[PDB]
Each structure stands twice: as structure tokens, then as C-alpha cells.
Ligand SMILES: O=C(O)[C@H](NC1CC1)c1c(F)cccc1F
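Take a look at this single chain in C-alpha cells; it is the form deposited without the ligand.
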């Protein structure tokens, strides 16, 4: 059924699965027209597809040309997401097809179910977890590839870099979600924390700096402090 805190370790078993987040597929800036009305201008977006066990991020880049002459774009964006996820499953061999796809927003259930009718054995599930994947566009190299794209494209990032060599995927996912929650809550401060020290330098192939085990403990603590700080600022606590 749905995915929540009780069956949480299922995310890290050996049944291949992906998280699909559509919150950055259809992105707009709102502005005033010369006549004083309001209009939107689309900008490039992306589909965030993550294998939580391996850390691979299969980012589809959604180029603004896909919206040209279309209506009801917020609704279309859900069906375009489902179409692209189905097409990635279709491309893969039988032994790489995911046994489950977990959508971060319930509005994706029917579009994905309908596009995946050919795959009755793949479970399409919602989640009770509030995951901060919308902040993926705060990771500089992901935002750069999306905004520079001149055409549709799907680009591989490794959101756990080489962490799996040293930690389990349960721990890696916890670290990712803490980093993304912090970037969502106060992006400037989170990036300040991540980059303050110019000597542990985020390597050319990396998103996340090459922190030692001890430095990650310190970073993770500083991110918790940022989240707690912002919570206090928000609610006057």
C-alpha cells in the first residue's frame, strides 16, 4: 500500500525501486505584462528519479519547448512525468525493471498507473514520508545541467557520490534527506555550511564535498542546528 515509518527499511532491501518526484517538472516565473496583467514564463525543469539503495539520480531534463502550445500545463506535467518514467522502465532489461515505484505526491498515482498498465507486476505506491526532493535544484551541478539544456536530455548524477564505500544505504539516504531538508529550509546557510572550508574542496566530479567521516558528523550536526534554528525563527520559539 502506502510507504511510511513502520516499513521504512523496505527502502534498502534488494527489491530494485525508485522514488519519483515531479515537483520540479513544470517551473515558472510570474511577472507583470506591459498592460498590467500577469503572465508566466516557463523555465527548464526535471524529473527526479532516485534509486535510494545505489544513489543513482536519473534526472530527465524537461525543456520548455515541451510546453509550447499546450494547455493545462500543471495537469500535463503529471502525465509527461508518467510518460517519461514508463519510457525509462521500457528501455531497461527485465532484471533492472523496478518492482515498485514510490511517488512523492499522490496526484502522480493515476497518471503513472495508467502509463504502466503494461507492467501489472510493478507496484505504484504513495508515501507518508515528506521528502525534500524539491530541493534537488539547490545542488549546483544539477541546476546547471538543467538550465543549460537546449533540448530534452536525461543526465546521471550520483547523489551519494562515493559514500556507499563507507556507509550503508540507510545512512546515506538519511544524510541526503538531512542535506536536502536544510537546503530547502535555508539554502544560503546550508551552502555556507557545505563550502565554508575551502580546503576539503567539493571535487570536480562531486556534488558533495569530500568530507572525512569526522567532518560529516560535524556537517550533519551543523545542518540539524540550521533546521532547528529556522524552526525557532519561523514559530517564534
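Positions refer to the first chain, counted from 1.
The same protein also has a form solved in complex with the ligand, omitted here; what follows describes it.
Exercise. How would the site be scored, open or blocked, if the ligand were superimposed onto this chain using its pose in the entry with it bound (blocked means 3 or more ligand atoms within 2.4 Å of backbone or C-beta)?
Worked result: With the ligand superposed from its pose in the entry with it bound, the site reads as open.
For this session: May I ask you to state whether residue 130 is within 4.5 Å of the ligand in the entry with it bound, using heavy atom distances?
Result: Judged by the heavy-atom cut-off of 4.5 Å, residue 130 is in contact with the ligand in the entry with it bound.
Exercise. With the cut-off set at 4.5 Å between non-hydrogen atoms, does residue 185 touch the ligand in the entry with it bound?
Worked result: Yes.
For this session: Sequence order please: the residues of 213-237 with a heavy atom within 4.5 Å of the ligand in the entry with it bound.
Result: Contacts from 213-237: 227, 230, 231, 234, 235.
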